[PDB]
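Shown below, as structure tokens, is a lone chain in the form deposited in one PDB entry; questions about how it binds or moves come after it.
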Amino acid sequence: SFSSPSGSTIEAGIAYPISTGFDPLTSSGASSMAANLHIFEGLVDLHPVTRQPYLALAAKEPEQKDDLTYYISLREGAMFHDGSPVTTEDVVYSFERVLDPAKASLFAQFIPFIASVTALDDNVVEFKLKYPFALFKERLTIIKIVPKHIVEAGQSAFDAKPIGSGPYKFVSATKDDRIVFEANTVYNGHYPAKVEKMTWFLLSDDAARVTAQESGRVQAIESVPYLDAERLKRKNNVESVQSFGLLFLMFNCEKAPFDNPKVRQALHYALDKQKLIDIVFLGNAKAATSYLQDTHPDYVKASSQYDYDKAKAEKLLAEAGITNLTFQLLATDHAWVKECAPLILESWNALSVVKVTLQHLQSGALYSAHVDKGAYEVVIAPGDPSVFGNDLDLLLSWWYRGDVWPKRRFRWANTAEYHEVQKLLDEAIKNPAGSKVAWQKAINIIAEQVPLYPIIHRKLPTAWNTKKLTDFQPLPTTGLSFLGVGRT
């Protein structure tokens, strides 16, 4: 639990390129958000491994003054990396810019219950919320605290050279090359740097990445290729961590016959999930038994299940009165989706009254020219909003709240089941004491109606050298965390 940084360095192999800058307002790329876990802090952060809240820039737990105003006090002594002090003006600014529609940041959608954020004094910030909201503490992690005097001297420059208060400071970042960190010696939070320098090499090529681990070039690598996991097990820990990240089956619920729940259920029953897991993922996935993956703390198995069953799939199609079902399955370009989609196709074409064809597409082209234009019937695509949070409201709302997905994408919002889901989401966050029952009820509606519903949840394989690193834990998301990790 104590490790001296001096003398120690960490080299890691990351799989995803740099694709966004490092400003927490706009940084949504996997490598950038993982970097920012080390560079920035929220008032409360979510542990990257366990996803539980911990005090970061807050000095103590939120003072919920009444049901609707929270007081938060800043950690005394906290400074940004250029030496200046983290002030309550920076806190207010960080929330205001994310909340400012002009800046069109992605992260504004996670905190819409917040009416105002104002500095009470030099140490205490006040949050006034529109409606009561019992997951308030959990959402603070999405808003990294940025130094306003540095940001407004040039937002694009800040983006390329981020200054935060986290335990690691940004040194440099080169596309397709490396990201370099160094310890923040004036950090006085709970996860101090245990090494003095840290380098993430971008190793997009799978063979190069495994080679880097095998040779001892890096001590840890993300996104281990499935087949190489066992050769790496001779000298390294290799762990496949259950992720919320999933492959979903989405239906245009306003196109006949996919407006019929029984047709949607039948296409689930027709898929041999066990065989897709074996062939495609070499075991590194699990069939959905709920909206959540089964290792989620809130997981409860859904009352509708879709275990492989061709004869039930045929019966429901006859029950739906289907004589001939001819349609096109859209799939994205991802290499593992290109292995899935053919298996899914031949499963559906094995049905007597069903004929399907596949059009593999890019992602912006699958959404723009097809899904947004309503010009589609069935879409299999990946998604993982757990990178932004772990709570049931965030995970359910991402796909089943607002007009983004249920109105304009899978067109299920004119239905009576939808209105009940909305009623239940709203009522889950009014007060925690009905939260789990309402969330599980909405999941049971979703799993029965199956407008957008996971097929499998992926396991994410990470490899690391336990002889070289201390307390390293793999992530149930994309990325790598070295918070609390040191060298032997």
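We call the rigid core whatever largest set of C-alpha positions still superposes within 1.5 Å between the two forms. Counting begins at 1, following the sequence as shown.
One more form of this protein should be noted, the form deposited in another entry, which is absent from this view; the next part is about it.
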### Task
Using a superposition on the rigid core, decide whether the Cα position of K233 changes by 2 angstroms or more between the shown form and the other one.
no
### Message
Superposing on the rigid core, is the Cα displacement of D100 between the shown form and the other one 2 Å or more?
### Response
no
### Task
Mind checking the CA-CA distance of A438 and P53 in the other form? It differs by 3 Å or more from this form, so is it closer or farther?
farther
### Task
Please say whether the CA atoms of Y54 and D298 come closer or move farther apart in the other form, knowing the change relative to this form is 3 Å or more.
farther
